[PDB]
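What follows is a single structure, written as structure tokens, with notes after it.
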Amino acid sequence: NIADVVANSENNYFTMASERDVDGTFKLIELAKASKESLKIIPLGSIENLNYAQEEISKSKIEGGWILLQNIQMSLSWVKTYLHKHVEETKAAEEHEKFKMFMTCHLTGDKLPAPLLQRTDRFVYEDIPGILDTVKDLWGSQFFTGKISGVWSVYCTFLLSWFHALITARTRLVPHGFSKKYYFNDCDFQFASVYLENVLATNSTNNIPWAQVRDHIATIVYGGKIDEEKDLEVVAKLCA
Amino acid sequence: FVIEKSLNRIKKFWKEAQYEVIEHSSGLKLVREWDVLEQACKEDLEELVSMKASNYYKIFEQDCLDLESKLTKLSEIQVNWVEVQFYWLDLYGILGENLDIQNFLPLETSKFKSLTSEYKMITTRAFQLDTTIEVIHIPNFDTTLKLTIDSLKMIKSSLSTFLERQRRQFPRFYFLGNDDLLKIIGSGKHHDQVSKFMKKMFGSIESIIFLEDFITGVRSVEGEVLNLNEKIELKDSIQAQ
Amino acid sequence: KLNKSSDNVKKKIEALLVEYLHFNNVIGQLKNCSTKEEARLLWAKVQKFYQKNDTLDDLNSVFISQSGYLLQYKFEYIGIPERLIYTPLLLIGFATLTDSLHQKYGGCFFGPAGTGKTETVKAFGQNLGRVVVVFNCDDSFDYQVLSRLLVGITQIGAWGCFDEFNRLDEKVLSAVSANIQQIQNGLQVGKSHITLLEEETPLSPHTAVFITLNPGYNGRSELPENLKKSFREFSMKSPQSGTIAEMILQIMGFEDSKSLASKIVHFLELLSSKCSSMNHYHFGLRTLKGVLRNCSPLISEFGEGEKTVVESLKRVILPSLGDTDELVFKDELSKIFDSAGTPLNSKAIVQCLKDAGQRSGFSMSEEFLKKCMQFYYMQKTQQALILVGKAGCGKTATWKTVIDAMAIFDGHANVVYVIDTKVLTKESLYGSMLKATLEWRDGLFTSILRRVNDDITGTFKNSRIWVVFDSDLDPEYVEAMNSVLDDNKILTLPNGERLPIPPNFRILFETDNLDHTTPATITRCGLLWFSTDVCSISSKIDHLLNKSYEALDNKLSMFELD
Ligand SMILES: Nc1ncnc2c1ncn2[C@@H]1O[C@H](COP(=O)(O)OP(=O)(O)OP(=O)(O)O)[C@@H](O)[C@H]1O
Ligand SMILES: Nc1ncnc2c1ncn2[C@@H]1O[C@H](COP(=O)(O)OP(=O)(O)O)[C@@H](O)[C@H]1O
Ligand SMILES: [Mg+2]
């Protein structure tokens with residue numbers, strides 16, 4: 001697992017790549033809480049986050065704490081200009097206080113610099129949870145933020161979590177299931193949940209608006225990405 | 001003599017080279033074709049520095065050093081001179097051709113007028129020499145060019161800040177380039193050529209309908225006339241923004 | 001009321017009829033619903049407008065409701081824009097954009113070119129009373145202007161659309177992606193001020209950014225990874241061409257508009273499937289709309305029947321087709337449609353052509369008359385024309401003969417400037433600027449454009465002007481007159497001032513190849529295609545003999561010559 005390759009290796013640089021479907025940042029959090037803790041999540045992004053990352057990495061290489069960079073695939077430009085040269089200059093991680101650098105990339109993402117990849121240790125995440133595990137995760141994560149409306153909102157959120165799990169399970173099979181590889185991130189689930197809350201608040205506390213709930217979820221929320229009639233009708237029948 | 005002839009050719013070329021000038025409508029002497037003599041000076045400097053590599057350099061080292069010093073001074077003169085002319089020519093399009101913009105910026109206009117007078121004096125002094133290499137013998141020629149370029153760049157920065165403030169006053173101006181914005185600002189008493197920029201900053205609206213000194217309404221790109229509720233009154237002192 | 005109205009109010013009535021046909025369609029759909037639940041379902045998707053009454057604020061008293069989401073209406077003047085027909089796909093696009101905007105997300109449309117993404121964004125802006133500003137990409141377009149425009153959009157709170165966001169250089173792509181991400185994060189989080197263009201500027205919460213992505217070389221183009229989180233993509237399916245054609249024909253007053261629309265769409269898709277694929281063949285929605293628009297001048301000559309549609313299809317589709325596809329077009333027209341093949345207003349002009357060709361020595365064969373007729377009817381509508389063939393087709397003979405015939409017919413003088421576009425440099429054709437003294441030189445095309453506009457002699461008003469670009473055209477040279485080719489019809493010089501072309505100013509491209517021109521140029525210009533030599537192998541010999549005889553007649557006696 002990630003624990004064995006981290007422990008047995010002597011390099012302080014790791015690149016834990018994965019598919020766009022599933023990310024193993026929770027696995028890295030579990031590894032950190034298992035030993036040495038001191039893990040900071042650094043979400044790459046806008047220029048403010050870019051500067052925060054380029055300062056926090058320099059701080060961590062001295063203080064020795066762990067640090068993780070998510071989605072290098074959306075910050076190649078800074079990686080080529082800063083991370084590549086910084087790792088080249090600090091390839092002697094032993095002279096500095098011992099600290100661990102983690103990069104999460106995408107196998108289907110963009111090309112990464114050859115020296116950076118060859119110097120660092122490499123690892124791949126393939127732990128694809130089952131349908132039930134995804135349902136449990138979605139059900140647990142919703143209620144950490146508290147309740148927003150009546151009980152029907154909870155019931156609809158449960159139904160939507162099951163639907164999201166089924167969709168994500170089907171999207172991993174080709175050409176059976178979905179004829180094309182599609183990625184259904186948490187944004188789709190968030191949008192569908194907000195629409196469900198809106199339709200429950202405005203209309204009534206009854207089971208009446210299902211006819212438009214199914215159509216809106218199938219044709220706009222989860223159907224926006226889809227440009228094939230076969231996949232559209234698959235999503236439509238799943239929603240029905 | 002294989003080296004003597006090259007040195008003689010360099011001297012002979014620099015004893016005749018002279019910049020071509022064209023008279024400007026403001027009395028200034030504008031230089032055309034900056035590139036030819038600058039390139040000639042740079043190539044001659046490279047030839048002189050490559051001459052030192054040959055072991056026969058001692059015989060003509062004194063002449064080579066004199067030419068090296070003269071050409072380095074000329075290069076330092078030219079680098080500042082070309083860009084001084086460029087900045088002055090850019091700023092004269094903005095200031096000095098429109099009374100209203102001058103009224104908006106009195107300090108900048110005064111500084112630009114002083115710079116124009118000083119640069120005119122310097123250029124008139126330099127162009128009597130009839131040679132572009134003798135200009136290095138004019139005392140404090142380079143320092144005057146440095147002062148002029150610094151003052152022109154500071155004036156340009158002040159103008160840019162003024163334009164940014166003008167845009168922030170009326171955010172629709174961000175759809176107009178600096179040229180168009182200055183054309184609008186300078187149109188103080190006219191306030192009727194602003195309509196040509198309506199399609200650029202207001203989208204559908206194509207022009208304005210002025211009646212006497214009142215804005216009755218605007219018209220779209222399809223010719224549809226929209227009539228305002230209360231006609232806006234315009235004065236001579238009112239700003240375009 | 002449309003038929004007895006002035007042109008300015010005709011435009012307004014035509015724009016209103018789209019919405020009233022939409023109302024009729026929605027009411028008819030609601031009538032046929034067998035359940036109250038189905039009626040409510042169908043009514044939810046349709047864009048519903050409301051006016052508040054408890055809110056004193058006048059400018060925010062009207063809001064838009066679709067799928068349960070409410071969007072305010074900003075009372076910005078939009079004029080009388082070309083209204084889009086309310087197809088179900090259009091309503092789904094509106095619903096997607098409303099869904100994205102309710103969360104302060106962005107809106108993204110992707111799909112093959114010609115499905116109506118840019119126009120859908122613009123129409124959604126129009127229906128909310130906003131003027132969506134379009135940011136054309138890779139069109140003489142730098143990044144400083146993008147920064148300025150984005151700052152203006154954020155400060156005034158307008159809506160921005162990045163048309164063709166897939167085609168632009170990678171550096172500016174990344175910089176603009178960073179700026180867009182900053183804007184979108186500022187919108188979602190809600191911070192008053194954002195930092196773009198190295199400056200902290202205020203951000204109006206009503207700002208929105210839309211992006212349209214045409215397909216790439218590989219296939220479906222994708223947003224940059226950073227933007228993928230702040231935008232909601234939406235695939236644009238093939239538009240309901242039948243509904244669009246039916247509503248346009250009904251507005252135009254054509255009888256049996258449903259059958260006519262079905263026949264036009266079926267004919268165009270048959271042409272797409274049957275004709276050999278060529279890079280200049282476009283039978284999409286834009287071509288159908290151009291055919292429908294071109295029917296209006298023909299209404300007075302023929303009427304509002306099917307024959308007008310057939311004649312317009314022959315005016316637009318046919319001249320751009322090759323020799324092997326002309327018979328396919330004729331067969332499909334004879335099959336789907338049924339016309340008598342009798343063109344009106346083609347008797348005096350035909351005689352003028354015959355007189356001009358006889359005077360010039362040419363022989364009026366069937367092919368030559370056909371090509372001259374196609375040129376003459378094409379030049380009425382399009383300002384710029386592209387004559388394509390092989391070396392020796394008869395392009396210059398065709399347009400010289402037609403110009404002479406029109407001079408005889410209309411009585412208008414013709415001034416022809418033949419320009420070889422590839423011999424002269426761009427700096428010599430459009431003029432150049434001296435970077436040392438800022439003295440603008442006119443050039444060649446701009447000089448004659450100035451002469452035409454500044455007709456001090458007063459002759460260019462009562463005469464046609466032709467500028468023929470005899471050499472083969474390339475994208476770089478035509479990029480400097482693309483503004484002339486657009487509906488703007490102004491020559492935008494790099495500096496100095498802008499020159500507007502008069503309606504008399506015609507531009508011809510007597511090229512022989514189309515292997516480099518972008519499809520935008522050929523879809524903005526009337527393309528006439530020569531697939532076979534206009535004259536036979538004996539007509540050319542007779543013409544050359546006549547030319548040599550008239551050359552010799554100047555110095556030889558009559559009896560010896562004869
Ligand atoms: N009706 C006709 N009868 C006889 N000869 C004709 C007729 N029409 C065209 N031609 C001949 O065909 C030629 C017409 O001009 P041509 O097509 O060669 O010019 P172009 O379009 O400028 O050139 P290119 O196509 O080679 O670039 C001439 O040689 C002319 O004699
Ligand atoms: N719903 C519609 N009703 C009427 N015309 C439409 C509709 N959708 C698209 N069109 C026509 O299709 C043409 C091209 O669409 P466009 O928006 O240019 O596609 P893209 O965004 O892919 O470039 C436009 O001229 C427009 O008139
Ligand atoms: Mg478009």
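Convention: chains lettered A, B, ... in structure tokens order; per-chain residue numbering from 1; ligands numbered from 1 as shown.
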Pull out every residue of chain A sitting within 6 Å of chain C, counting only C-alpha atoms, and send them as an mmCIF file with N, CA and C atoms, in the first residue's frame.
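This went into selection00.cif:
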```
data_model
loop_
_atom_site.group_PDB
_atom_site.id
_atom_site.type_symbol
_atom_site.label_atom_id
_atom_site.label_comp_id
_atom_site.auth_asym_id
_atom_site.auth_seq_id
_atom_site.Cartn_x
_atom_site.Cartn_y
_atom_site.Cartn_z
ATOM 1 N N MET A 74 -3.371 21.008 -12.840
ATOM 2 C CA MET A 74 -3.880 22.355 -13.048
ATOM 3 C C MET A 74 -2.880 23.428 -12.639
ATOM 4 N N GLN A 212 -40.815 16.404 -12.634
ATOM 5 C CA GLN A 212 -39.818 17.386 -13.028
ATOM 6 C C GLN A 212 -38.486 17.197 -12.322
ATOM 7 N N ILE A 220 -30.143 18.009 -17.214
ATOM 8 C CA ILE A 220 -29.392 19.239 -16.993
ATOM 9 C C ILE A 220 -28.224 19.007 -16.045
ATOM 10 N N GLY A 224 -25.736 17.297 -18.635
ATOM 11 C CA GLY A 224 -24.990 18.337 -19.324
ATOM 12 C C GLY A 224 -23.736 17.806 -19.985
ATOM 13 N N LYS A 225 -22.971 16.994 -19.257
ATOM 14 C CA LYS A 225 -21.729 16.450 -19.788
ATOM 15 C C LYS A 225 -21.956 15.522 -20.970
ATOM 16 N N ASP A 227 -23.099 13.921 -24.412
ATOM 17 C CA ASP A 227 -23.388 14.326 -25.782
ATOM 18 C C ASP A 227 -23.769 13.144 -26.667
#
```
At most 10 Å is the cut-off: for each residue in chain C with any atom that close to an atom of ligand 2, write down the nearest atom pair and the distance in Å rounded to one decimal, counting only C-alpha atoms and all ligand atoms, chain first then increasing number, as a tab-separated table.
```
residue	atom	partner	partner_atom_place_in_ligand_line	distance
C:18	CA	ligand 2	3 (N)	9.6
C:82	CA	ligand 2	27 (O)	8.1
C:83	CA	ligand 2	4 (C)	7.4
C:84	CA	ligand 2	3 (N)	4.0
C:85	CA	ligand 2	3 (N)	3.9
C:86	CA	ligand 2	1 (N)	5.8
C:87	CA	ligand 2	1 (N)	5.4
C:88	CA	ligand 2	1 (N)	8.3
C:89	CA	ligand 2	1 (N)	7.1
C:90	CA	ligand 2	1 (N)	5.4
C:91	CA	ligand 2	1 (N)	8.9
C:93	CA	ligand 2	1 (N)	9.7
C:109	CA	ligand 2	21 (O)	8.3
C:110	CA	ligand 2	22 (O)	7.9
C:111	CA	ligand 2	22 (O)	6.9
C:112	CA	ligand 2	22 (O)	6.2
C:113	CA	ligand 2	22 (O)	3.7
C:114	CA	ligand 2	19 (O)	3.8
C:115	CA	ligand 2	19 (O)	4.7
C:116	CA	ligand 2	17 (O)	3.2
C:117	CA	ligand 2	21 (O)	3.4
C:118	CA	ligand 2	21 (O)	3.7
C:119	CA	ligand 2	17 (O)	4.0
C:120	CA	ligand 2	17 (O)	6.4
C:121	CA	ligand 2	17 (O)	8.2
C:122	CA	ligand 2	17 (O)	8.6
C:123	CA	ligand 2	1 (N)	9.0
C:163	CA	ligand 2	21 (O)	7.3
C:164	CA	ligand 2	23 (O)	7.6
C:212	CA	ligand 2	21 (O)	6.8
C:213	CA	ligand 2	22 (O)	8.0
C:214	CA	ligand 2	22 (O)	6.3
C:215	CA	ligand 2	22 (O)	9.1
C:236	CA	ligand 2	22 (O)	8.5
C:238	CA	ligand 2	8 (N)	9.1
C:239	CA	ligand 2	8 (N)	6.1
C:240	CA	ligand 2	1 (N)	7.2
C:241	CA	ligand 2	2 (C)	7.9
C:243	CA	ligand 2	3 (N)	8.3
C:244	CA	ligand 2	3 (N)	5.4
C:245	CA	ligand 2	4 (C)	8.2
C:247	CA	ligand 2	4 (C)	9.1
C:248	CA	ligand 2	4 (C)	8.4
C:284	CA	ligand 2	12 (O)	8.0
C:285	CA	ligand 2	12 (O)	5.1
C:286	CA	ligand 2	13 (C)	4.5
C:287	CA	ligand 2	13 (C)	8.3
C:288	CA	ligand 2	11 (C)	8.8
C:289	CA	ligand 2	27 (O)	6.6
C:290	CA	ligand 2	25 (O)	8.4
```
Practice item. Output as a PyMOL selection string all residues of segment 5-227 of chain B that backbone DSSP marks as helix (DSSP H, G or I). Key: chain B and resi 5-14+34-51+55-57+61-94+99-104+106-127+134-137+141-169+171-175+178-186+193-201
Exercise for review: Write out as number ranges by chain the residues lying within 10 Å of segment 84-94 of chain A, counting only C-alpha atoms and excluding same-chain residues fewer than 3 positions away.
Suggested key: A: 10-13, 54, 57-58, 61-62, 76, 78-81, 97-101, 112-117, 119-120
Residues from last step as file, N, CA, C and O atoms, as an mmCIF file, in the first residue's frame:
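Result file out37.cif:
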```cif
data_model
loop_
_atom_site.group_PDB
_atom_site.id
_atom_site.type_symbol
_atom_site.label_atom_id
_atom_site.label_comp_id
_atom_site.auth_asym_id
_atom_site.auth_seq_id
_atom_site.Cartn_x
_atom_site.Cartn_y
_atom_site.Cartn_z
ATOM 1 N N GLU A 10 13.588 5.546 0.797
ATOM 2 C CA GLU A 10 14.378 6.547 1.498
ATOM 3 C C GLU A 10 14.171 7.955 0.958
ATOM 4 O O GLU A 10 14.479 8.922 1.664
ATOM 5 N N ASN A 11 13.669 8.093 -0.266
ATOM 6 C CA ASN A 11 13.432 9.410 -0.832
ATOM 7 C C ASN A 11 12.335 10.133 -0.062
ATOM 8 O O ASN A 11 11.397 9.521 0.453
ATOM 9 N N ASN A 12 12.466 11.453 0.017
ATOM 10 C CA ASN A 12 11.474 12.298 0.665
ATOM 11 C C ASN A 12 10.450 12.856 -0.309
ATOM 12 O O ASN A 12 9.624 13.683 0.088
ATOM 13 N N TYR A 13 10.488 12.436 -1.569
ATOM 14 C CA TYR A 13 9.600 12.951 -2.599
ATOM 15 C C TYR A 13 8.768 11.807 -3.154
ATOM 16 O O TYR A 13 9.317 10.787 -3.584
ATOM 17 N N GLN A 54 3.867 28.161 -2.610
ATOM 18 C CA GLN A 54 5.301 28.345 -2.805
ATOM 19 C C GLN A 54 5.986 28.882 -1.557
ATOM 20 O O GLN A 54 7.212 28.774 -1.444
ATOM 21 N N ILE A 57 5.717 25.434 1.143
ATOM 22 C CA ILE A 57 6.676 24.373 0.844
ATOM 23 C C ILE A 57 8.058 24.747 1.365
ATOM 24 O O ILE A 57 8.767 23.918 1.951
ATOM 25 N N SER A 58 8.461 26.003 1.155
ATOM 26 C CA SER A 58 9.751 26.464 1.657
ATOM 27 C C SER A 58 9.795 26.425 3.178
ATOM 28 O O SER A 58 10.823 26.074 3.768
ATOM 29 N N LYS A 61 10.095 22.631 4.230
ATOM 30 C CA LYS A 61 11.399 22.013 4.005
ATOM 31 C C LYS A 61 12.385 22.344 5.116
ATOM 32 O O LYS A 61 13.416 21.672 5.236
ATOM 33 N N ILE A 62 12.097 23.358 5.924
ATOM 34 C CA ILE A 62 12.923 23.708 7.072
ATOM 35 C C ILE A 62 12.338 23.160 8.367
ATOM 36 O O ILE A 62 13.055 22.577 9.180
ATOM 37 N N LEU A 76 0.770 22.893 -13.682
ATOM 38 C CA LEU A 76 2.018 22.636 -14.404
ATOM 39 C C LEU A 76 2.887 23.880 -14.556
ATOM 40 O O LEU A 76 4.109 23.821 -14.375
ATOM 41 N N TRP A 78 3.301 26.618 -12.817
ATOM 42 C CA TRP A 78 4.076 26.897 -11.616
ATOM 43 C C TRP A 78 5.026 25.754 -11.287
ATOM 44 O O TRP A 78 6.128 25.993 -10.781
ATOM 45 N N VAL A 79 4.623 24.513 -11.566
ATOM 46 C CA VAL A 79 5.481 23.367 -11.278
ATOM 47 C C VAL A 79 6.735 23.404 -12.143
ATOM 48 O O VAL A 79 7.850 23.180 -11.657
ATOM 49 N N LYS A 80 6.574 23.687 -13.437
ATOM 50 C CA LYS A 80 7.731 23.770 -14.320
ATOM 51 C C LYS A 80 8.658 24.907 -13.910
ATOM 52 O O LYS A 80 9.885 24.775 -13.979
ATOM 53 N N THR A 81 8.088 26.029 -13.475
ATOM 54 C CA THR A 81 8.883 27.201 -13.133
ATOM 55 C C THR A 81 9.379 27.194 -11.693
ATOM 56 O O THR A 81 10.472 27.703 -11.428
ATOM 57 N N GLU A 97 15.920 19.504 7.290
ATOM 58 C CA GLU A 97 15.187 18.627 8.193
ATOM 59 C C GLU A 97 14.299 17.688 7.389
ATOM 60 O O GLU A 97 13.695 18.083 6.388
ATOM 61 N N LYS A 98 14.233 16.434 7.828
ATOM 62 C CA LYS A 98 13.506 15.418 7.080
ATOM 63 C C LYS A 98 12.019 15.757 7.016
ATOM 64 O O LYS A 98 11.371 15.987 8.041
ATOM 65 N N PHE A 99 11.504 15.843 5.791
ATOM 66 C CA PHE A 99 10.125 16.211 5.514
ATOM 67 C C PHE A 99 9.685 15.476 4.260
ATOM 68 O O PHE A 99 10.511 15.123 3.416
ATOM 69 N N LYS A 100 8.381 15.252 4.134
ATOM 70 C CA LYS A 100 7.847 14.454 3.039
ATOM 71 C C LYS A 100 6.980 15.312 2.131
ATOM 72 O O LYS A 100 6.116 16.056 2.605
ATOM 73 N N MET A 101 7.219 15.195 0.827
ATOM 74 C CA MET A 101 6.514 15.938 -0.210
ATOM 75 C C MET A 101 5.659 14.966 -1.011
ATOM 76 O O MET A 101 6.163 13.952 -1.507
ATOM 77 N N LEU A 112 3.982 15.346 -17.342
ATOM 78 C CA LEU A 112 4.775 15.898 -16.258
ATOM 79 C C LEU A 112 6.249 15.934 -16.644
ATOM 80 O O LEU A 112 6.696 15.137 -17.475
ATOM 81 N N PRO A 113 7.027 16.856 -16.076
ATOM 82 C CA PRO A 113 8.452 16.924 -16.416
ATOM 83 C C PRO A 113 9.160 15.614 -16.106
ATOM 84 O O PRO A 113 8.942 14.999 -15.060
ATOM 85 N N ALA A 114 10.011 15.187 -17.037
ATOM 86 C CA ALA A 114 10.723 13.923 -16.866
ATOM 87 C C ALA A 114 11.669 13.921 -15.670
ATOM 88 O O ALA A 114 11.635 12.948 -14.895
ATOM 89 N N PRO A 115 12.541 14.922 -15.468
ATOM 90 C CA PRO A 115 13.440 14.857 -14.300
ATOM 91 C C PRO A 115 12.707 14.784 -12.974
ATOM 92 O O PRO A 115 13.120 14.032 -12.080
ATOM 93 N N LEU A 116 11.614 15.536 -12.826
ATOM 94 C CA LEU A 116 10.858 15.497 -11.581
ATOM 95 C C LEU A 116 10.305 14.103 -11.320
ATOM 96 O O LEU A 116 10.432 13.575 -10.210
ATOM 97 N N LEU A 117 9.704 13.487 -12.338
ATOM 98 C CA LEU A 117 9.113 12.166 -12.157
ATOM 99 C C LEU A 117 10.176 11.109 -11.894
ATOM 100 O O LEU A 117 9.993 10.241 -11.034
ATOM 101 N N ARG A 119 13.206 11.496 -10.613
ATOM 102 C CA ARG A 119 13.846 11.666 -9.313
ATOM 103 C C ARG A 119 12.933 11.201 -8.187
ATOM 104 O O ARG A 119 13.362 10.471 -7.286
ATOM 105 N N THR A 120 11.669 11.613 -8.223
ATOM 106 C CA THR A 120 10.744 11.291 -7.150
ATOM 107 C C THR A 120 10.339 9.822 -7.202
ATOM 108 O O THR A 120 10.415 9.160 -8.241
#
```
**Study point:** For residue 148 of chain B: contacts at 12 Å, only C-alpha atoms, fewer than 2 positions along chain excluded, given as an NGL selection string
**Key:** :B and (80-88 or 111-120 or 122 or 141-146 or 150-155)
Practice item. Considering only C-alpha atoms, extract the chain B residues located within 6 Å of chain C and return them as a PyMOL selection string. Key: chain B and resi 32+171+174-175+204+220
Write to file, as an mmCIF file, in the first residue's frame, the residues of the selection just made, with N, CA, C and O atoms.
```
data_model
loop_
_atom_site.group_PDB
_atom_site.id
_atom_site.type_symbol
_atom_site.label_atom_id
_atom_site.label_comp_id
_atom_site.auth_asym_id
_atom_site.auth_seq_id
_atom_site.Cartn_x
_atom_site.Cartn_y
_atom_site.Cartn_z
ATOM 1 N N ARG B 32 14.728 60.249 -39.038
ATOM 2 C CA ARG B 32 14.223 59.049 -39.685
ATOM 3 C C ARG B 32 15.330 58.008 -39.764
ATOM 4 O O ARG B 32 16.517 58.341 -39.776
ATOM 5 N N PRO B 171 -17.154 53.196 -15.669
ATOM 6 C CA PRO B 171 -16.549 51.895 -16.000
ATOM 7 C C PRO B 171 -16.801 51.429 -17.421
ATOM 8 O O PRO B 171 -16.092 50.531 -17.889
ATOM 9 N N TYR B 174 -13.835 51.229 -20.069
ATOM 10 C CA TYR B 174 -12.887 50.131 -20.215
ATOM 11 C C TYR B 174 -13.043 49.404 -21.539
ATOM 12 O O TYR B 174 -12.120 48.698 -21.955
ATOM 13 N N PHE B 175 -14.182 49.551 -22.206
ATOM 14 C CA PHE B 175 -14.383 48.978 -23.527
ATOM 15 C C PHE B 175 -13.745 49.812 -24.628
ATOM 16 O O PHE B 175 -13.738 49.383 -25.786
ATOM 17 N N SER B 204 -25.729 47.872 -27.861
ATOM 18 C CA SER B 204 -26.757 48.041 -28.883
ATOM 19 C C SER B 204 -26.852 49.482 -29.368
ATOM 20 O O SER B 204 -27.087 49.731 -30.554
ATOM 21 N N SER B 220 -30.580 52.740 -31.554
ATOM 22 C CA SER B 220 -29.862 51.478 -31.581
ATOM 23 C C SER B 220 -29.228 51.258 -32.951
ATOM 24 O O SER B 220 -29.330 52.089 -33.855
#
```
Point to revise | Surrounding residues as a list in words, ligand 1, max 6 Å, only C-alpha atoms and all ligand atoms | key: residues 362, 363, 364, 368, 390, 391, 392, 393, 394, 395, 396, 397, 534, 535, 539, 540, 543 and 544 of chain C
Same residues, N, CA and C atoms, saved as a short mmCIF file (atom, residue, chain, number, x, y, z; two decimals), in the first residue's frame:
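selection.cif was written with the following content:
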```cif
data_model
loop_
_atom_site.label_atom_id
_atom_site.label_comp_id
_atom_site.auth_asym_id
_atom_site.auth_seq_id
_atom_site.Cartn_x
_atom_site.Cartn_y
_atom_site.Cartn_z
N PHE C 362 -16.43 36.83 -76.96
CA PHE C 362 -16.77 35.54 -76.37
C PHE C 362 -18.00 34.94 -77.04
N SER C 363 -18.12 33.63 -76.93
CA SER C 363 -19.27 32.89 -77.44
C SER C 363 -20.16 32.50 -76.28
N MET C 364 -21.42 32.93 -76.33
CA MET C 364 -22.37 32.66 -75.26
C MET C 364 -22.87 31.22 -75.37
N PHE C 368 -21.23 29.14 -70.18
CA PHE C 368 -20.83 30.52 -69.94
C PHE C 368 -22.01 31.37 -69.50
N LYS C 390 -9.95 26.51 -62.20
CA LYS C 390 -8.60 26.12 -62.59
C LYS C 390 -8.10 27.12 -63.62
N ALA C 391 -6.79 27.14 -63.81
CA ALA C 391 -6.17 28.11 -64.70
C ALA C 391 -6.74 27.99 -66.11
N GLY C 392 -7.50 29.00 -66.52
CA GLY C 392 -8.14 29.00 -67.82
C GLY C 392 -9.63 28.74 -67.81
N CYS C 393 -10.26 28.74 -66.63
CA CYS C 393 -11.69 28.46 -66.56
C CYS C 393 -12.51 29.49 -67.33
N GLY C 394 -12.25 30.77 -67.10
CA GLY C 394 -13.11 31.81 -67.62
C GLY C 394 -13.59 32.73 -66.53
N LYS C 395 -12.87 32.77 -65.41
CA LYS C 395 -13.26 33.63 -64.30
C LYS C 395 -13.23 35.10 -64.71
N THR C 396 -12.11 35.55 -65.26
CA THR C 396 -12.00 36.97 -65.59
C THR C 396 -12.90 37.30 -66.77
N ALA C 397 -13.08 36.36 -67.69
CA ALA C 397 -14.05 36.55 -68.76
C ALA C 397 -15.45 36.67 -68.20
N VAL C 534 -15.59 27.44 -69.41
CA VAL C 534 -16.85 28.09 -69.75
C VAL C 534 -17.18 27.90 -71.23
N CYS C 535 -16.17 27.88 -72.09
CA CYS C 535 -16.38 27.75 -73.52
C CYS C 535 -15.80 26.43 -74.02
N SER C 539 -14.85 27.51 -79.54
CA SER C 539 -15.20 28.89 -79.23
C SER C 539 -13.96 29.69 -78.86
N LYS C 540 -13.02 29.08 -78.14
CA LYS C 540 -11.79 29.78 -77.80
C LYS C 540 -10.97 30.08 -79.05
N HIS C 543 -12.61 32.97 -80.80
CA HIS C 543 -12.38 34.23 -80.09
C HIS C 543 -10.97 34.74 -80.30
N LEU C 544 -9.97 33.85 -80.21
CA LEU C 544 -8.59 34.27 -80.41
C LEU C 544 -8.36 34.74 -81.84
#
```
Point to revise | Distance query residue 137 of chain B at most 10 Å, only C-alpha atoms, self and fewer than 5 positions along chain excluded, as a PyMOL selection string | key: chain B and resi 70+73-74+126+129
Practice item. Find the spatial neighbours of residue 38 of chain A, counting only C-alpha atoms, within a cut-off of 12 Å - ignore same-chain residues fewer than 2 positions away - and output them as a PyMOL selection string. Key: chain A and resi 28-36+40-41+60+63-68+99-101
**Study point:** Interatomic distance (Å, one decimal) between atom CA of residue 155 of chain A and atom CA of residue 238 of chain A
**Key:** 17.7 Å
**Study point:** Å distance separating atom CA of residue 72 of chain C from atom CA of residue 145 of chain A, one decimal place
**Key:** 29.7 Å
Exercise for review: Name the residues in contact with residue 123 of chain A at a cut-off of 9 Å, using only C-alpha atoms, excluding same-chain residues fewer than 4 positions from it; report them as a PyMOL selection string.
Suggested key: chain A and resi 2+5+14-18
If you run DSSP over the backbone, which residues in segment 30-222 of chain B end up strand (DSSP E)? Put them as a compact mmCIF listing (two decimals) with C-alpha atoms, in the first residue's frame.
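New file out-v4.txt:
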```
# COMPACT_ATOMS: atom_id res chain seq x y z
CA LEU B 30 12.56 64.44 -36.30
CA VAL B 31 15.13 61.78 -37.20
CA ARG B 32 14.22 59.05 -39.68
CA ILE B 205 -26.85 51.86 -28.82
CA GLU B 206 -25.31 53.27 -32.00
CA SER B 207 -25.46 57.05 -31.52
CA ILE B 208 -27.04 59.86 -29.52
CA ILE B 209 -29.79 62.29 -30.52
CA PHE B 210 -28.94 65.85 -29.48
CA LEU B 211 -31.55 68.61 -29.69
CA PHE B 214 -30.40 68.53 -24.68
CA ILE B 215 -30.10 64.77 -25.15
CA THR B 216 -33.58 63.73 -26.27
CA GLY B 217 -32.61 60.08 -26.59
CA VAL B 218 -30.43 57.44 -28.22
CA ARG B 219 -30.86 55.11 -31.17
CA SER B 220 -29.86 51.48 -31.58
```
